[PDB]
Amino acid sequence: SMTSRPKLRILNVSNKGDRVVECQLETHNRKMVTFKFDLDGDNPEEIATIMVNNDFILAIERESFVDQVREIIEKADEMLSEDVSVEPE
């Protein structure tokens with residue numbers, strides 16, 4: 001299948017109540033697009049639909065966009081994970 005890889009940068013990860021990633025996309029008609037998602041509440045495919053509908057990524061960029069956002073969510077979740085106790089109380 002024909003594919004293209006959109007260029008994404010992580011700008012910020014926040015862990016102050018909700019866990020939120022701010023990312024930046026670079027567009028083909030030369031417009032920068034910043035977007036934010038919640039680690040716990042948002043899904044990479046849902047974010048991809050918003051981006052395709054608004055012409056911020058191409059249909060041939062959807063698969064790569066989802067794969068990248070899924071990897072960012074995994075890495076951020078591992079970075080923010082903490083020790084936990086099981087209470088037999």
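The figures that follow rest on heavy atoms only: side chains count, while hydrogens, waters and symmetry mates do not. Sequential numbering from 1 along the given sequence is applied to the chain's residues.
The shortest non-hydrogen separation linking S64 to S4 is CB-O, 3.6 Å. Residue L58 comes nearest to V52 through the heavy atom pair O-CG2, 4.5 Å, listed as atom of the first residue, atom of the second, then distance. In this structure, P44 and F65 approach most closely via the heavy-atom pair O-CE2, 4.5 Å. Smallest separation of non-hydrogen atoms from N12 and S14: ND2-N, 3.9 Å.
Side-chain N or O atoms of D18 include none that pairs as donor or acceptor with a backbone N or O of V20 at under 3.5 Å. A donor-acceptor pair under 3.5 Å is formed between the side chain of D38 and the backbone N or O of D40.
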Take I60 and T3, measure what side-chain contact (heavy atoms from CB on, under 4.5 Å) needs, and give me the verdict at the end. CA-CA 5 Å; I60 59 166; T3 61; 5.5 Å; no
Given the rule in the side-chain contact (heavy atoms from CB on, under 4.5 Å) test, do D67 and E63 qualify, once you have shown the distances and angles that lead to the verdict? CA-CA 6 Å; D67 286 345; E63 181 177 273; 4.0 Å; yes
Test side-chain contact (heavy atoms from CB on, under 4.5 Å) on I10 and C23; report intermediate values, then the result. CA-CA 4 Å; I10 294 170; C23 286; 4.3 Å; yes
Please test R19 against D77 for side-chain contact (heavy atoms from CB on, under 4.5 Å), starting from the C-alpha separation and ending with a verdict. CA-CA 9 Å; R19 309 192 304 159; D77 175 68; 3.1 Å; yes
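Counting non-hydrogen atoms of other residues, nucleotides and ligands closer than 6.0 Å to CD of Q24 gives a total above 12.
The CG atom of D55 sits 10.0 Å away from atom NZ of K31, with the distance rounded to the nearest 0.5 Å. Summarising the geometry, atom CZ belonging to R5 is positioned 3.5 Å from atom CD belonging to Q68; distances are rounded to the nearest 0.5 Å. Between the CE atom of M32 and the CZ atom of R9 there is a distance of 8.5 Å, given to the nearest 0.5 Å. Atom-to-atom distance recorded for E22:CD and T34:OG1 is 5.5 Å, nearest 0.5 angstrom. To the nearest 0.5 Å, atom CD of residue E78 and atom CD1 of residue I73 are 13.0 Å apart. From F35, atom CZ reaches atom CG of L11 across 9.0 Å, with rounding to the nearest 0.5 Å.
Counted by atom type alone, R62 and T49 present one or more donor-acceptor pairs between their side chains at under 3.5 Å.
With hydrophobic clusters built from ILVMFWY side chains whose heavy atoms lie under 4.5 angstrom apart, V21 does not share a cluster with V66. A continuous path of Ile, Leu, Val, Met, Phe, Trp and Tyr side chains, each step under 4.5 Å between heavy atoms, connects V33 with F37, placing both in one hydrophobic cluster.
Within the 4.5 Å cutoff, side-chain heavy atoms of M79 are placed close to those of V13. Here the side chains of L8 and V69 are in contact, with some heavy-atom distance below 4.5 Å.
With salt bridges taken as basic N to acidic carboxylate O contacts below 4.0 Å, none links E74 and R70.
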